[PDB]
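Presented below, as structure tokens, is a lone chain in the form deposited in one PDB entry.
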């Protein structure tokens, strides 16, 4: 069994439904040895994952250096995989200006050891005036796209409102994809309200953080996690409910995020071959056998009170 590739917007690209996020929980592949990173990526390639997301932000540009390292190490044709990186967000702060993103793409390419990336996104745009993205950044990224250094252009961020603001205010065709996170998983599925709109605009959809950055795991979220306490407690109840039955919330959550074919890929942060295996397995078992609907229904009931509860991100707008 393979995983069933999905079409990504109007880009032509065919992507694995499970995608590899190269920085889980805001760390470059967690904090695992390089050999383990290299092996996770190797294992991902071997198991039919062909989509890799990174950025110059998490780990101060080392996410990209390590992914570049891991990719060429695995030794596979350039056209066998799809890479996305981002621009605008750096450890030293945000800068979406024309000169910064133009040099950004080159730096990324140098760190990644590639000639082009498949996707370049503007990163977490809720941290700047959204008119700068409309009026400066997107235009510049067209020129980067023209140059060949990126094939397609993306926007990313947390609040779903960034996406209508931008996509309403740029000429049709300016943006190829969006990356949304934390809005397509058992506790939060608000992204669904955008899929028809984005389809109407010819924009492909990538979703990320199907476990909501660790809320839907046995281990629980990191201490920094910005969720309201209510959501944290509800997710702990869901995890405990699965546990007491000898079942795994992580698996249920991954499968759940994969059940909407209008989302082309779900980026999961992964740090080891074992996590790759479990998530690829979860995808395949969904395809071949379906989800556990009875467990899903009970977990849905626990999360019901906190459905689509979110948190603040970015700055005050216009």
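Note that the rigid core is defined as the largest set of C-alphas that superpose within 1.5 Å between two forms. Residue numbers count along the first chain shown, from 1.
In what follows, reference is made to the form deposited in another entry, a form of this protein that is not presented.
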Task: Shifted position (C-alpha, 2 Å or more, core held fixed) between the shown form and the other one, chosen from 250, 260, 61, 272 - done: 61
- [ ] Tell me, please, whether between the shown form and the other one the C-alpha of residue 290 is shifted by 2 Å or more, with the rigid core used for superposition.
- [x] no
Open item on the list: Using a rigid core superposition, assess whether residue 148 undergoes a CA shift of 2 Å or more between the shown form and the other one.
Closed with: no
Task: Core-aligned C-alpha movement of residue 25 between the shown form and the other one reaching 2 Å - done: yes
Task: Cα-Cα trend for residue 270 and residue 61, given that in the other entry the distance shifts by 3 Å or more - done: closer
Task: Closer or farther in the other entry, the Cα atoms of residue 55 and residue 28, when the shift from this form is 3 Å or more - done: farther
